[PDB]
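A.B. asks: Let me give you the structure first, and then I'll get to my questions.
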Amino acid sequence: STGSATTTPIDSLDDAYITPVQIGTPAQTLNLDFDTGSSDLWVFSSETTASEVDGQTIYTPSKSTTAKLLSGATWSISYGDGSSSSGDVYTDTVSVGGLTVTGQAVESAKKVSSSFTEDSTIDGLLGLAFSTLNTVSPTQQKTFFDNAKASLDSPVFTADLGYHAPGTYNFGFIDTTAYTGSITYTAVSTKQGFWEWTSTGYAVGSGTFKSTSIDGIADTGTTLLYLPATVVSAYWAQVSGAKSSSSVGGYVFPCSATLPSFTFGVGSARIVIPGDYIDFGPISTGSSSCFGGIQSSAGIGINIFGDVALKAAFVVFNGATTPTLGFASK
């Protein structure tokens with residue numbers, strides 16, 4: 001089997017991407033944030049504290065003839081940005097772009113933190129990291145990909161995120177029309193439960209490539225590109241007037257600037273992030289100070305190849321017995 005679904009930016013800045021997901025019988029369609037940095041499929045629901053729902057579409061398990069309460073199971077997750085959610089668990093039928101899994105753990109939120117409430121466009125998350133990170137207790141549950149894998153034509157999914165435009169998540173096949181040149185594959189460590197890999201270096205604009213190992217994670221659920229302070233300083237030094245602002249919480253730059261590109265290495269191959277992808281707009285409405293899309297990972301404890309990086313590439317998440325990651329230009 002295979003599946004193919006369109007993923008759409010939530011706003012004009014590509015702050016996140018949503019993908020429609022069918023849950024239950026009859027189908028209830030929710031728009032979920034596909035997140036290769038976590039491993040829980042959780043949704044706003046009829047059980048969510050009323051004051052914490054503001055415009056989201058909810059899953060109502062009592063209206064699904066295939067929903068079953070997973071007795072005794074609870075979940076609770078805290079994300080790297082300080083957001084969180086928790087609740088109980090159903091199993092139900094879940095379909096993405098024509099690919100169906102029966103018996104998928106659907107984690108129903110009883111509580112969500114303010115940042116989730118305030119984002120009316122995101123009805124939940126669909127985790128695509130390794131199932132060892134799943135938070136369901138006392139019996140850990142499998143991701144959608146893990147459940148689908150044996151049925152797929154090939155045990156892979158691909159992320160093709162757009163810049164200020166829709167893109168595609170495919171399951172079970174590689175669309176050879178969706179990229180240019182070849183796909184370069186690189187080793188993955190699953191030791192921390194992430195799609196963790198080592199970039200071979202970077203360049204700023206038309207500058208020379210610096211060969212240096214950068215360990216990080218491929219994370220569709222993180223907006224920005226978080227890299228070591230040395231790398232980030234070298235980038236922003238090429239933008240007149242750019243500075244790190246402790247009050248704003250990162251590097252900012254004059255909105256009148258033209259940003260240089262940023263290149264990262266995948267083996268001997270190179271992925272080029274155009275400068276415009278690094279512009280996240282005014283820090284507040286009407287400001288002439290703009291927020292940068294490349295930020296320091298210092299104090300995160302890990303480097304994160306988030307959407308700013310991934311949207312410059314066609315990315316293969318290869319879930320074979322020994323997982324690997326592939327990157328192609330597009």
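All of this is worked out from the model, or read from it or from the source named; no laboratory read-out is quoted. Positions of Cβ are backbone-derived with ideal geometry, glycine not excepted, and every protein chain shown enters the neighbour counts.
A.B. asks: If you go through region 233-253 one residue at a time, do you hit one that is within 13 Å of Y202 (Cα to Cα) and basic (K, R)?
C.D. replies: No.
A.B. asks: Could you figure out which of (1) out of contact with any helix residue (DSSP H, G or I) (no Cβ under 8 Å at 6 or more places or on another chain); (2) within 30 Å of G299 (Cβ to Cβ) isn't true of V89?
C.D. replies: Result: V89 passes all but (2).
A.B. asks: State which residue is farthest from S213 (Cα to Cα) when the search covers only region 281-302 and only residues that are surrounded by fewer than 21 Cβ atoms within 10 Å (Cβ to Cβ) and touching a residue at least 40 places away in the same chain (Cβ under 8 Å). Explain how you work it out, then say what you get.
C.D. replies: Going through region 281-302, the residues surrounded by fewer than 21 Cβ atoms within 10 Å (Cβ to Cβ) turn out to be 281-289, 296-302.
Filter once more, keeping what is touching a residue at least 40 places away in the same chain (Cβ under 8 Å): 281, 289, 296-298, 300, 302.
Values: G281: 30, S289: 32, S296: 16, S297: 15, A298: 16, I300: 18, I302: 13 Å.
The selected residue is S289.
A.B. asks: Let me ask something else about it. Just the residues that are out of contact with any helix residue (DSSP H, G or I) (no Cβ under 6 Å at 6 or more places or on another chain) and either of a type in the set (D, E, K, R) or under 29 Å from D15 (Cβ atoms) (or both), please, taken from region 62-84.
C.D. replies: We begin by selecting, within region 62-84, every residue out of contact with any helix residue (DSSP H, G or I) (no Cβ under 6 Å at 6 or more places or on another chain); these are 62-66, 68-82, 84.
Listed by number, the residues that qualify are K63, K68, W75, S76, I77, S78, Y79, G80, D81, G82, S84.
A.B. asks: Turning to a different aspect of this structure: Within the group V315, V231, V308, which residue is closer than 18 Å to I214 by Cβ, surrounded by 14 or more Cβ atoms within 10 Å (Cβ to Cβ) and either among the basic types (K, R) or in contact with a helix residue (DSSP H, G or I) (Cβ under 8 Å, 6 or more places away or on another chain) (or both)? Working first, answer last.
C.D. replies: Values: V315 fails: either among the basic types (K, R) or in contact with a helix residue (DSSP H, G or I) (Cβ under 8 Å, 6 or more places away or on another chain) (or both); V231 fails: either among the basic types (K, R) or in contact with a helix residue (DSSP H, G or I) (Cβ under 8 Å, 6 or more places away or on another chain) (or both).
The match here is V308.
A.B. asks: Scan region 208-229 for residues that are farther than 30 Å from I18 by Cβ and in contact with a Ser or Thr (Cβ under 9 Å, 6 or more places away or on another chain) and jot them down. I'd like the intermediate steps shown before the answer.
C.D. replies: Taking region 208-229 as the starting set, the residues that turn out to be farther than 30 Å from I18 by Cβ are 208-213, 228-229.
Within region 208-229, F209, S211, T212, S213, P228, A229 meet the criteria.
A.B. asks: Can you tell me which residue is surrounded by the most Cβ atoms within 10 Å (Cβ to Cβ) among those in region 246-262 that are touching a residue at least 12 places away in the same chain (Cβ under 8 Å) and not hydrophobic (A, V, I, L, M, F, W, C)? Don't jump to the end; show me each part of the working.
C.D. replies: First pass over region 246-262, keeping only residues touching a residue at least 12 places away in the same chain (Cβ under 8 Å): 248, 250-262.
Subsequent filtering for residues that are not hydrophobic (A, V, I, L, M, F, W, C) retains 250-251, 254, 256, 258, 260-261.
Working: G250: 19, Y251: 22, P254: 13, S256: 9, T258: 9, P260: 19, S261: 18.
Ranking the candidates gives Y251 first.
A.B. asks: Something else about it: So in region 1-28, with the set limited to residues that are assigned to a strand (DSSP E or B) and hydrophobic (A, V, I, L, M, F, W, C), which one is nearest to the chain's Cα centre (by Cα)?
C.D. replies: Taking region 1-28 and keeping what is assigned to a strand (DSSP E or B), we get 3-9, 17-23, 28.
Restricting the remaining residues to those that are hydrophobic (A, V, I, L, M, F, W, C) gives 5, 18, 21, 23.
Working: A5: 15, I18: 10, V21: 16, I23: 20 Å.
Once the filter is applied, the top-ranked residue is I18.
A.B. asks: Need the failing condition index for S199 against (1) surrounded by fewer than 20 Cβ atoms within 10 Å (Cβ to Cβ); (2) small (G, A, S); (3) over 18 Å from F130 (Cβ atoms); (4) within 20 Å of the chain's Cα centre (by Cα), just the number.
C.D. replies: Unmet for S199, out of (1) surrounded by fewer than 20 Cβ atoms within 10 Å (Cβ to Cβ); (2) small (G, A, S); (3) over 18 Å from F130 (Cβ atoms); (4) within 20 Å of the chain's Cα centre (by Cα): (1).
A.B. asks: Can you pull out every residue in region 106-120 that is outside any strand (DSSP E or B), of a type in the set (S, T, Y) and either crowded, with 16+ Cβ neighbours inside 10 Å or touching an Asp or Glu at 6+ places or on another chain (Cβ under 7 Å) (or both)? So that I can check it myself, show each step before the final result.
C.D. replies: Start the filter on region 106-120 by keeping residues that are outside any strand (DSSP E or B), which leaves 113-120.
With of a type in the set (S, T, Y) added as a condition, the list becomes 113-115, 117, 120.
Hits for region 106-120 are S113, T117, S120.
A.B. asks: Between residues in region 48-77 that are surrounded by 19 or more Cβ atoms within 10 Å (Cβ to Cβ) and residues that are aliphatic (A, V, I, L, M) and assigned to a loop (DSSP other than H, G, I, E, B), which pairs lie under 7 Å by C-beta distance while being six or more apart or on different chains?
C.D. replies: Cβ pairs passing all conditions: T48/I58; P61/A67; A73/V136; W75/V136.
A.B. asks: Determine whether region 157-164 contains at least one residue that is within 23 Å of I302 (Cα to Cα), within 20 Å of the chain's Cα centre (by Cα), assigned by CATH to the domain that holds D307 and small (G, A, S).
C.D. replies: No: region 157-164 contains no residue that is within 23 Å of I302 (Cα to Cα), within 20 Å of the chain's Cα centre (by Cα), assigned by CATH to the domain that holds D307 and small (G, A, S).
A.B. asks: Quick one: in region 1-47, of everything that is among the charged types (D, E, K, R) and within 12 Å of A109 (Cβ to Cβ), which residue is surrounded by the most Cβ atoms within 10 Å (Cβ to Cβ)? Let's see the steps before the verdict.
C.D. replies: Looking only at region 1-47, we keep the residues that are among the charged types (D, E, K, R), and these are 11, 14-15, 33, 35, 40, 47.
Checking which are within 12 Å of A109 (Cβ to Cβ) leaves us with 40, 47.
On the way: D40: 25, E47: 18.
Only one residue tops the list, namely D40.
A.B. asks: Of the numbered conditions (1) more than 30 Å from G299 (Cα to Cα); (2) surrounded by fewer than 18 Cβ atoms within 10 Å (Cβ to Cβ); (3) out of contact with any strand residue (DSSP E or B) (no Cβ under 7 Å at 6 or more places or on another chain); (4) touching a residue at least 24 places away in the same chain (Cβ under 8 Å), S83 fails exactly one; give the number of that condition.
C.D. replies: (1)
A.B. asks: Just checking, which of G162, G103 is in a strand (DSSP E or B) and surrounded by fewer than 24 Cβ atoms within 10 Å (Cβ to Cβ)?
C.D. replies: Details: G162 fails: in a strand (DSSP E or B).
Exactly one of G162, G103 is in a strand (DSSP E or B) and surrounded by fewer than 24 Cβ atoms within 10 Å (Cβ to Cβ), namely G103.
A.B. asks: From the list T143, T168, which residue is out of contact with any helix residue (DSSP H, G or I) (no Cβ under 7 Å at 6 or more places or on another chain), assigned by CATH to the domain that holds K63 and of a type in the set (V, I, T)?
C.D. replies: Numbers: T143 fails: out of contact with any helix residue (DSSP H, G or I) (no Cβ under 7 Å at 6 or more places or on another chain).
From the options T143, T168, the qualifying one is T168.
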